[PDB]
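Working notes, beginning with the structure itself.
Labels A, B, C, D, E, F, G, H and I are assigned to the chains in the order they are written; within every chain, residues are numbered from 1.
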Amino acid sequence: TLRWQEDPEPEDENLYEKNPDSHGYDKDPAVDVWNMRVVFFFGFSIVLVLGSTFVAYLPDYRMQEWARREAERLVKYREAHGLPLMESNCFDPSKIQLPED
Amino acid sequence: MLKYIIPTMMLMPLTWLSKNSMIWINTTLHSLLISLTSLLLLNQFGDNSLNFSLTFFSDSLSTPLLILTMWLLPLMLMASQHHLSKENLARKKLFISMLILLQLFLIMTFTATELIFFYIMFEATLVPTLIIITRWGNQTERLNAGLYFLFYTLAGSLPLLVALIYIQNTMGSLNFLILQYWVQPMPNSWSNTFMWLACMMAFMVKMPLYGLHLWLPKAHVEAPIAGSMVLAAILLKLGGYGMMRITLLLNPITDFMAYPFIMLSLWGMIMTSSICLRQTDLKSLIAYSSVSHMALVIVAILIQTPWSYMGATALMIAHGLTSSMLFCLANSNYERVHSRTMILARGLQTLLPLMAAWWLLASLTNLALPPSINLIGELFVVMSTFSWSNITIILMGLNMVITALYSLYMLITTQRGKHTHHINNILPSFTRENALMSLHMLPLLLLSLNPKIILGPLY
Amino acid sequence: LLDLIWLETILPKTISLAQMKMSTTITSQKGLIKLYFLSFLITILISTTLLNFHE
Amino acid sequence: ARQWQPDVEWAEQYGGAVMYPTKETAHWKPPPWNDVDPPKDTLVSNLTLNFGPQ
Amino acid sequence: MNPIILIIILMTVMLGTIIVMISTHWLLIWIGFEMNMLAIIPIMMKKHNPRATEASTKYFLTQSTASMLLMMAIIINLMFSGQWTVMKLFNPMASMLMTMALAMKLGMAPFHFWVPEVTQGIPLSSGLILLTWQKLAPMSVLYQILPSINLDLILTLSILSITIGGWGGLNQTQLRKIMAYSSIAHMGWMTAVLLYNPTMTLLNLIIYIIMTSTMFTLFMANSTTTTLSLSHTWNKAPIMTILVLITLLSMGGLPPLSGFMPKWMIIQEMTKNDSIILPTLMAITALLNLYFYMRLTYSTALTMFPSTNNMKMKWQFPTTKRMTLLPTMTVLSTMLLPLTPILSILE
Amino acid sequence: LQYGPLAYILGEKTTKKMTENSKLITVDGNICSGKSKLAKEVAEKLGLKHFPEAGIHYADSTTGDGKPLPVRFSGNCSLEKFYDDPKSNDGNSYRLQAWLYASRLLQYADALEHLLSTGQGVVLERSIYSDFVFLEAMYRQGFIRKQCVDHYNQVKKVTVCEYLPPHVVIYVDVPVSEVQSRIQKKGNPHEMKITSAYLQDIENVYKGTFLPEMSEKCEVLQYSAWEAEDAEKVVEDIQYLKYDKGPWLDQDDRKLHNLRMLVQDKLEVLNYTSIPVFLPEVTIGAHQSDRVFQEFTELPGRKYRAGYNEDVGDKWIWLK
Amino acid sequence: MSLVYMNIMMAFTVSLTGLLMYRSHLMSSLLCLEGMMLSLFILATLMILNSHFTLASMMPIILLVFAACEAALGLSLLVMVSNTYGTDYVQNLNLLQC
Amino acid sequence: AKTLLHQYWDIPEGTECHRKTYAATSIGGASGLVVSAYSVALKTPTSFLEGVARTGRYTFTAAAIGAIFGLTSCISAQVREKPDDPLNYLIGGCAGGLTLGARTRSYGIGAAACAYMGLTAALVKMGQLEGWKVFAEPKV
Amino acid sequence: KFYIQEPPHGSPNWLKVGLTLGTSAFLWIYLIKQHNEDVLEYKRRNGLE
């Protein structure tokens, strides 16, 4: 009648029972402490603080500042000599050929 | 890109030659070091993309996905070292090797300058994911979840390869740098119609699209925590990246072709949000929210405006981080109460205050509270789709309400009210779990300060 | 209605049941040599006259 | 709470000669384990000759 | 069987296949085919059980009919050409008869009926020898007469074989029937691309031979015949479960494994000649082969099926079988993708 | 391996090393028939190697260091648990019977290998040709079910057909009352729980099914209780037998070579004992089998092969 | 072509459709095999003798030899069948259907 | 069977309904004859009458499907004045699927056959319009 | 002594080890020699000295 000879389902294990100072990494306290130290050092003191410092001081990302500064020059050109600020044609009309129509 | 592939491949001699119980520490440490070195890919120029060699190149679109993947691997190892404490040492090493191999294929997928190489890695990501889901899951239905996840994707991707090979016989090359200058307009014909279908349906399947999304609620709620993270935060962005790469060749036929899929996604977001309003499972709720957000990304890519592309990539990164955090929250609750029912464990704020704070913060970032990048992406997609048509805002706006109708609901049933009386195994929050949620959230909150690094290749 | 029955019915279950039915139909042979060689003869007859494979 | 692994119900589906039975595949017994059948010895019919008186 | 007689018979099989491969005369081709059939009949009769007698009788009848059709086509070609050079034929009827005979010899559908029954009725050694070695000579003869086969006939045979093998592989629990239906599907895959570029056909033949040999040798090592013992293998040696898992994932055409080597490049040869419907249909049909491979992997490795008490004693006895070239063959069948241009040596 | 087809080709024949003294003898009897020492006497008069009766831990003594494994690793059954309560709900009776039959198959394979390799006869006790009789008693007393009988019949049918019967079988006839008296004088408390009906049914299936069907394919030597105490009569009767029946007569070198090929592969011998037929007595679940196998792997001398274990003192591993 | 060629090809087709539809008897199929072999032999030697290809006269007789290389073999594949069952019917050869 | 398809395809669409319907009926009858011949070959009927009844049933079912498909396609092409449009072939394929459902006395088979044969007929018309090749003559 | 029976691989097969080492050394020196002569003859043919 006893179909499927099977080990009984084990109960849940509480990590705080055998070690009340468990961080939740391993049941061995020294390995758990060292894993906690490694995670908190290389997860917050290395890749977050120094990572955010590296991202904050990026050297002119996508030249987003430079395109401003050159524009600051360029307007000061065409406002000085009476030229229009921007032409309606991106390319020069003299160097482009149209099909006959 | 050889400076990132080689340490990732060397992670396997690290995890196989390690000690009896030092595999997790060494793998987490060295993967965090790889994540630290991943920031060198931010050498982006306003006109030129970063080209490394004839095989690997990195634009401003693949770079946030690469950084997210190499950041996600240590979080994955931290998440998946509690339900495997009873596992065999060889099986534990096999699981870690599976995660390392999957991450290697992911970081080799995004940098591929050839569409055939990209497609090869894009299907090579299937095998470790399927193995993880079908081997280290918990329920029976994972076996069924091993089929719907597989034979959907290949059914979209096996025609597409043929279309890609056709380009190899038509344009002479499949290199993305060459195809940006040798592209040709696509005339309206039935042949180009079916070539558009072949080139798109794989990315509609893997995003997923409403109607074709049936594999995602099944492959999210039987999979383990690491599998849920890899499906939610990375593997749904392969479709978006493939769409953004392949939309260049499919012009100008996309203007009248994108209509039925746009309508499908615009109704599927409402349908999936309404489904989220009545789901009895936390994991299924997160899966359907992922379906809704990826339908929004599908609309953004299909209307193909610069604001839409910017909102699409911002939404991709933000949804990846938020869905990963929500899945880790669900995993912690499942590990504490040993069930997936939403209504079972109520009033957890009176027992876990810090986990209640994390739940509130994750639900806050889910409904796109400004100035988070979720609101940035969703807002820009809304602006672009209002430029597309003036009525679609209604189909956006109502959806927003339903989002705020379930996320807070997902808060309340899990956090507020009278606690249940017959549950008395509620342990205090471990340091590992809190470390996991802080590592999930603090980059997401920090990215609001400088979002210009996740605004696509046309910022 | 939609995402638990009908969307689960039109795409995956139709091809699943069709493949099951075709697999049962194909492999239901009785294992007799005479029927197999009769099928060979019918194949040759079809190829010779109806399909014109000898041209 | 443990990981689910198949029992005799999941393992007995593949124990038949066919995966999806039909009306025609009703008497299909599985093949023997060593693929050696009993000899089914019929009557040998030794011929009876009448070495008679003539 | 005496080992001397077994060695002599195997050498005769090899000599017959070599005679078919290297001869420049049609009569020598038919002589080699007859010698191969005559020396391959008693290999299946190794254990002397009735199922071997049925399998041998069915195989002999099919091969005799195929040889008769081949000789009739040879005689008709002699009548219409007056020579014996193994080259393109000069009569469409002779080409049709030769294609039908070689389809019956290859077991391609709708002449596929004898393949699963013969494969099931014979031991694993004779089954591997048949399904790998006996599929070399007819492919060489098809390679030689390339400007003669009708395109419609060979393409119809290929798509029919692929569809019928993919449909038939689903409803089997015996491993040998699964391998036979897989062989039929791969037969259709090789003959689909033959008229365009036979180098891809040779590549597919080499890959299919390697994977079939790997699966059959793993079946020898695990001593399994059905799906249930293959499931039970996880208790004896899990490394065998890992090997059969990666091998069955390779044969499903899943990258980055070497089983994606032929099929992909087969598609690469059908789109250059403006045929896009057929490779798509062929991949969609090969999804069924992938499906029953996935079912086998679910039964074998990815789930822990229940075992019996007596297997405890099998934990005290290691395997002492002559697993010849098994690790090299597994490595070749799994990790051969980044050496893709190696196939240029097959031109 | 050590013996292969190349060795047979090169000149190592089988019938050249087989003399007339190479005879396989199976001494049989009841539970306390006194054969257990008597067979040993036939070991020390004819110069034949003696094999004790295959118990639960025969395979433990055959391989490894020779020490018996714990019962949770080998057998998973207890003879004393069967003797106390033979109708136990966990199916211990048929599990013990199946393990004993498989151990007897291993012992018969070892004896046939020794006989075919050295040419020296082996003396066995209660071989596989006379184990089912015990099973019949377990069916007559209602100790097990009909499905156990069907599974045992299937395993015996697929296993015993590839072997050969012994040359001589010796049966010691001891009545049930004398068997019970010897059991009571043995002093083992678990053996006193054996009913008289069990021993009577064992004697009935010995005299009714085993011996009438066994005397055609070999030669029987039935002995009383008094005659089995004097081994001189037994060895004198064995030494003057006219062997004319049995399948040993029509054996060439090829048949014995094939038998030696099949016998020397132990996993091939024990291939069909664990057939995948799901019965409550023998089927072990996934988690229990996994736990027992992982605990068995970490045992000393069992993690690797028989010569690659550094924890027991095996050297030159890197050059092997 | 000629006329006797048509008759020999018709005989070959007649024996072919005799072979392909079995009548529950193995010897009849073996006789059909021998008949097709004889028809092929006759057609080959007719063509060879008509075209004066003398060096190919080694072909048919050698061909005839290989006839036995299956035909007698067929008889050796029958006696075990006739030892498995009392008759030689082809409906008894259906054990390999599962 | 090469001449039957060429006979059906050279008739202009929406011009003569009767000849197109007859050609489609002949094509359906030929396919049903092949199917019934293979059926009575592999699966032997218990009697001659049962075999000829099955052959007639299969041939009549396939002929009815082909006839209704051709008639519906020609009627749609005449009614819409769109001869080179695959939607008429889609309508004809769905009509044939409804005929198959009527012959099989079931509704789900009719709906599935309508959908799949409408897609197949639309694809066939698409390939005829664009000059797609299924058995491509090798050129490279 | 631990095992109750002598394992077939208790002692290293010295002839097999010597054959393996000799075969590996011969193959390595043959490949090196072949590569050297191949590159030398390639430099001779094209004159790229």
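Operating definition for what follows: contacts are C-beta pairs under 8 Å (C-beta built on N, C-alpha and C of every residue); 3 or more make two chains touch, one makes a residue touch a chain.
Between chain D and chain I, the least number of touching-chain steps is 2.
The chain pair B-E and the chain pair E-F differ in C-beta contact count, and the higher one is E-F.
Per-chain CA centroids place chain F at a distance of 49 Å from chain I.
Each chain gets a centre from the mean of its Cα atoms; for chain A and chain H, those two points are 59 Å apart. Remark: chain E and chain H have CA centroids separated by 36 Å (rounded to whole angstrom). Averaged Cα coordinates give chain H a centre that lies 68 Å from the centre of chain I. Among the residues of chain F, those in touch with two or more other chains are 1, 62-64, 275-276, 278, 283-287, 305-306.
Counting partners per residue, chain C has 20, 23-24, 27, 29-31, 33, 37-40, 44, 51 as the residues that reach two or more other chains. Residue positions 338 of chain B are each in touch with at least two other chains.
Pairs of chains meeting the touch criterion are A-B, A-D, A-F, B-C, B-D, B-E, B-H, C-D, C-E, C-G, C-H, D-E, D-F, D-G, E-F, E-G, E-H, F-I. Interface residues of chain D facing chain A in the complex, by the touch rule stated above, are 1-2, 7-8.
Contacts from chain I toward chain F in the complex involve residues 2-5, 7-13, 17. Remark: chain F residues 154, 158, 161, 272, 275-276, 278, 283, 285-287 touch chain D in the complex. If you check the complex, the residues on chain E that touch chain G are 27, 30-31, 34-35, 37-38, 41, 45, 50-51, 53-58, 60-61, 64-65, 67-68, 71-72, 75, 78-79, 82, 84, 117-118, 120-121. Those residues of chain A that touch chain B in the shared complex are 12, 14-16, 22-28, 31, 34-36, 38-40, 42-44, 46-48, 50-52, 54-56, 58, 61-64, 66-67.
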